[PDB]
Amino acid sequence: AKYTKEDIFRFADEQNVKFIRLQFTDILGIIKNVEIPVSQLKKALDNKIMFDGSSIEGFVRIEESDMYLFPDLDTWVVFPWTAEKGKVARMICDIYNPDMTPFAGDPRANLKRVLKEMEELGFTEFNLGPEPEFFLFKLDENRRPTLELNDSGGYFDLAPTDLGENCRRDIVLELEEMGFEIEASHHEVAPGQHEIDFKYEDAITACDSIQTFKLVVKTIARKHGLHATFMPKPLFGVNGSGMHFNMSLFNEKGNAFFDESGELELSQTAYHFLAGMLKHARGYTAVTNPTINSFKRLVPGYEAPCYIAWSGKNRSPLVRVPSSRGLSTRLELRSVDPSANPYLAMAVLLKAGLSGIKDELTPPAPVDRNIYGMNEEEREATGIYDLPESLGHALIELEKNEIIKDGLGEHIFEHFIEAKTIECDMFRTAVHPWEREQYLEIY
Amino acid sequence: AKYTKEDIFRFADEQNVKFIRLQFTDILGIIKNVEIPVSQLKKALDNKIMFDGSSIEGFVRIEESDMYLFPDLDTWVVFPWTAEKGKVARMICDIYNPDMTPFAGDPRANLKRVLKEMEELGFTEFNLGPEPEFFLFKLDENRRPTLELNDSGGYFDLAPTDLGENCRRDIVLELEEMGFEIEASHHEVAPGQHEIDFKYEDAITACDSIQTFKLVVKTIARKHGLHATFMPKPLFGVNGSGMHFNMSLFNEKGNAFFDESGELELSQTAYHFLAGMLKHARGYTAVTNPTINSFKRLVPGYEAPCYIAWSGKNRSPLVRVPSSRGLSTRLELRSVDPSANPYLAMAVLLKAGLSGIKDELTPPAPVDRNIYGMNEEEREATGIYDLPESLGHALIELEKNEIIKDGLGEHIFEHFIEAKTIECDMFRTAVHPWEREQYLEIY
Amino acid sequence: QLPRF
Amino acid sequence: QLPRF
Ligand SMILES: NC(=O)CC[C@H](N)C(=O)O
Ligand SMILES: NC(=O)CC[C@H](N)C(=O)O
Ligand SMILES: [Mg+2]
Ligand SMILES: [Mg+2]
Ligand SMILES: [Mg+2]
Ligand SMILES: [Mg+2]
């Protein structure tokens, strides 16, 4: 408990806020919110605000359903770009049924349920550190995004330099001012691609920070006449954007993944987690990569993962074990992209790891022989398997796997499947200019 | 009694107002007003101002009739956008005959008469909460509205964001400053469509707040180079604008619609009100949807009601029962649009509910089987009936129903019928560009 | 009477 | 249900 009701009232009085954005996240990952004046703040703190819960279902909503808006006090953040006519503050809210029960269709509530299951098994917390990457594009005269990148930088290069501009520096400075724990910030391989690293927090706090980071980055980029995009693969032939997740599991003693007497200084819990993560990777690939464009990133030659394998040092492994040990022991999943919903991805990953721990599965031997060297047939003999190549195949794999369904819940699973099938059907029947360029003149 | 004459004089002296707009509402719903200097304010408070009452009849006025302008002290509001050369204040006024009798053709007086009948039957107040939705369009170079929306938002989406603009945020702030009880404000399904919710007040106060809200929203949108429209269906293939009414009936004990021992925690009074509302819905559909464009909104597939049925959770029911209970028990009618006259709509709805209570009618069973699934014939076997598909059919239904005529009064009924028949004839004989696009070349 | 028409 | 299609 970081803040209380009285603290929130005092903050609202002293910082002179007149608007509060009670925000939440739908199934598709879009940040939505209800806006209330400061005069209603007391009612908001009484968990008495009603709204339409069907919006959580996204565009596949059918029937209006009334739901409560239980806010979280610890998520109180005051925005700085609010001029002087009253400031704006936000609090991430939980969704509750009218019968005082958390909504099963809320991704945050689902993540809380999965964390409760993990605590039941014996662990304390699930620390996560994300590595989101984003692209910056120049705006047009009509304030519309173009295809021109802001700079032709390189990997870890000092490309933006000093003397103005350097949108990454301004973004990180305002994030630090807003109260974000930023570890580092650097230029990525692709031109105009930047990465900012976070500190390791709890699962829920990390997901909330991810959403707030996306919002703040987009707003600040728009301030400087730029468009910040988190599309997995905005351009062809260039490196994509990833959101590598470094996860660690903790218990009463300390880090559960660390064991000085184990092989690679890894505990049996870490190996069981690896086995669970690798066994069901084909299952949750759809959740971790929920867009059509996402699977355009999962292609060989751009450091994105393409095969289900783990290693300590390899060219684009699905799961990577960083060399750091002790309390910093962690497992990195590299298949996640910034377009994914953080809550759903964390829920499915935690469910897979928990299932692996419960079943005590033995992970396959790590591969370090450049699996890209052989053909598909030459590596299918071993345990190396391909990730789904399209969103439809990933959806089929979701519909087959049961543990991921249990980790998502029936409501979320059904609505996610419906929306993604609609998306796939919409993309399949479209006629793209590629087809015209390839066949209009030839045929 | 919130204000007295001395209070009004003190306010006029201290805020330095030089103009007072004595305003009222005609049959068609247009806000009209007579403008007087502050020096006449005393006379205005003596109920001695004469004006032409025929303006209430709208364009179908024939003979000039002198009428008094009894103002309401509790409606004193000082506008903020008045510069320094004297401020402007308004008071909603009642219309009285020269023989010191309220005018029967005034919608506000008619609503007061219906409320008197309700109090005679035994109830105390009729609380109403409206949910108006409006569209925002960009203005042209000549300050003329265009067909381009201000933003491509979504349902409950954080589309306008921070960093300037956000007309909705500016509007609700000025409404709060002016002394409005705003519950919440969010983005609607259609792009450029916004919804601001009110607190539940009395019928007359709610209608006055609706009119003032329309005026203030239009003025503020014009301030920021935008056009705010309350047309039920400005664009084809996009969600329309509605003004759902959440009504509750109160008595000496408390909420008359709440009963912990009843089915669905609803009292017999609530069921009688439902039966009355559903029985005469075909009758007052004309009053609740008085424009030609209104029936363009009442089409399937856009969440607008199309069949006479009630449910607690269904895709677009005519009457919806929110899950909230206790003092918040209420019935929601969703067929009302922002173009309707609030006073006439409340009068006819109250008359229908009162008739249902007096006759003790049994409401039909709620439908939850997606009535849209069957055809018209397959659902006409049950109690499900279609709403009128055009304004002419609704006018015929008005001319048939007698209870709605009694609730409207002879003067208002005759003038409304005349104006609406003129409107229907004007629309019927017009030649639209649709017809030319469909037949000019073919035939 | 009929300004609309 | 289907405002995207
Ligand atoms: N240097 C790197 O590891 C970048 C990896 C690549 N940008 C990705 O999204 O996977
Ligand atoms: N989400 C909704 O219920 C909106 C309903 C729709 N805008 C109408 O006018 O009825
Ligand atoms: Mg990186
Ligand atoms: Mg990494
Ligand atoms: Mg609405
Ligand atoms: Mg409603």
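Naming: A, B, ... by sequence-line order, numbering from 1 per chain.
For the 3.5 Å distance criterion, the side chains of B:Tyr155 and B:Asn239 fail to qualify, holding no donor opposite an acceptor. Side-chain atoms of B:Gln268 and B:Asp259 form no donor-acceptor pair, as typed in the model, at a separation below 3.5 Å. B:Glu332 and B:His244 form no side-chain donor-acceptor contact under 3.5 Å, judged by distance and modelled atom types alone.
For the pair B:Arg282 (side chain) and B:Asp386 (backbone), a donor-acceptor distance under 3.5 Å is present. B:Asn255 places no side-chain N or O within donor-acceptor distance of the main-chain N or O of B:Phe250, the cut-off being under 3.5 Å. Looking at B:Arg90, its side chain does come within 3.5 Å of a backbone N or O of B:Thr75 through a donor-acceptor pair. A:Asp66 places no side-chain N or O within 3.5 Å of a backbone atom of B:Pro322 that could act as its donor or acceptor partner. At distances below 3.5 Å, at least one donor-acceptor pair connects side-chain atoms of B:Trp310 with backbone N or O atoms of B:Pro364.
You'll find the ring centres of B:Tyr372 and B:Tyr307 inside the 6.0 Å limit. Aromatic rings from B:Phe257 and B:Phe273 are positioned such that their centres are separated by under 6.0 Å. Between B:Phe24 and B:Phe103, the distance separating the two ring centers is not shorter than 6.0 angstrom.
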* For side-chain contact (heavy atoms from CB on, under 4.5 Å), just list the numbers for B:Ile384 and B:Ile308, CA-CA rounded to whole Å, side-chain angles, deciding distance to a tenth of an Å, and then say yes or no. => CA-CA 6 Å; B:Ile384 311 302; B:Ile308 302 168; over 6 Å; no
* Please test B:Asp208 against B:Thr205 for side chain to side chain donor-acceptor pair (under 3.5 Å), starting from the C-alpha separation and ending with a verdict. => CA-CA 5 Å; B:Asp208 301 344; B:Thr205 55; over 6 Å; no
* Asked: What's the verdict on side-chain contact (heavy atoms from CB on, under 4.5 Å) for B:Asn314 and B:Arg320, showing C-alpha distance, side-chain angles and the deciding distance?
  -> CA-CA 8 Å; B:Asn314 194 1; B:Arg320 190 183 85 93; over 6 Å; no
* To do: Please assess B:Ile403 against B:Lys279 for the test side-chain contact (heavy atoms from CB on, under 4.5 Å), listing each intermediate value before the final yes or no.
  => CA-CA 11 Å; B:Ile403 287 173; B:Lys279 182 178 179 181; over 6 Å; no
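Judged as a ring-ring contact (aromatic ring centres under 6.0 Å, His included), not a single pair has a partner in residues 316-351 of chain B (not counting sequence neighbours). Counting only residues at least two apart or on different chains, no side-chain hydrogen bond (donor to acceptor under 3.5 Å, both in side chains) pair has a member in residues 345-362 of chain B.
Aromatic ring pairs are classed by plane angle as parallel below 30°, tilted from 30° to 60° and perpendicular above 60°; the pair B:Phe427 and B:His432 is tilted. Classification of the B:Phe134-B:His194 ring pair by plane angle, with boundaries at 30° and 60°, yields tilted. Ring geometry for B:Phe135 against B:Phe137 counts as parallel: the plane angle stays under 30°, on a 0 to 90° scale with 60° as the upper cut.
Annotation: B:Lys199, atom NZ; neighbour count of heavy atoms from other residues, nucleotides and ligands within 6.0 Å is above 12. Remark: C:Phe5 CZ is packed, more than 12 non-hydrogen atoms of other residues, nucleotides or ligands lying under 6.0 Å away. No more than 12 heavy atoms of other residues, nucleotides or ligands sit less than 6.0 Å from atom CD of B:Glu63. A 6.0 Å sphere centred on CD of B:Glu389 holds more than 12 heavy atoms belonging to other residues, nucleotides or ligands.
Comment: B:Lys43 does not engage B:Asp46 in a salt bridge, judged by the lack of any side-chain N to carboxylate O separation of less than 4.0 angstrom. Residues B:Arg21 and B:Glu35 are paired through a salt bridge, judged by an N-O separation under 4.0 Å between the basic side chain and the carboxylate. Between B:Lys116 and B:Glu119 there is no salt bridge, since no side-chain nitrogen of the basic residue lies less than 4.0 Å from a carboxylate oxygen of the acidic one. Here B:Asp368 does not pair with B:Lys313 in a salt bridge; the nearest charged N to carboxylate O distance is not below 4.0 Å. A salt bridge links A:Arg61 to B:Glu303: at least one charged side-chain nitrogen sits closer than 4.0 Å to a carboxylate oxygen.
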For residues 285-297 of chain B, dump all side-chain donor-acceptor pairs below 3.5 Å to protein atoms at least two apart in sequence or in another chain.
residue	atom	partner	partner atom	Å
B:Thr285	OG1	B:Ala281	O	2.2
B:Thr288	OG1	B:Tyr284	O	3.2
B:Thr288	OG1	B:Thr285	O	3.2
B:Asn289	ND2	B:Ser335	O	2.8
B:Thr291	OG1	B:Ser294	N	3.1
B:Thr291	OG1	B:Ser294	OG	2.3
B:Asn293	OD1	B:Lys233	N	2.7
B:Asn293	ND2	B:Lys233	O	3.0
B:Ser294	OG	B:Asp337	OD2	2.4
B:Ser294	OG	B:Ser339	OG	3.4
B:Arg297	NH2	B:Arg334	O	3.1
B:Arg297	NH2	B:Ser335	O	3.2

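Contact of the B:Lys2 side chain with the B:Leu73 side chain is not registered, since no non-hydrogen atoms from C-beta on lie closer than 4.5 Å.
Shown are B:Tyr68, B:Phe70, B:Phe51; of these, the ring pair (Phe, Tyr, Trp, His ring centres under 6.0 Å) with B:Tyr96 is made only by B:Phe70.
Residues B:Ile210 and B:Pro342 approach most closely at CG2-CG, 3.7 Å, considering heavy atoms.
The CG atom of B:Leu249 lies 7.5 Å from the CG atom of B:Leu354; values are rounded to the nearest 0.5 Å.
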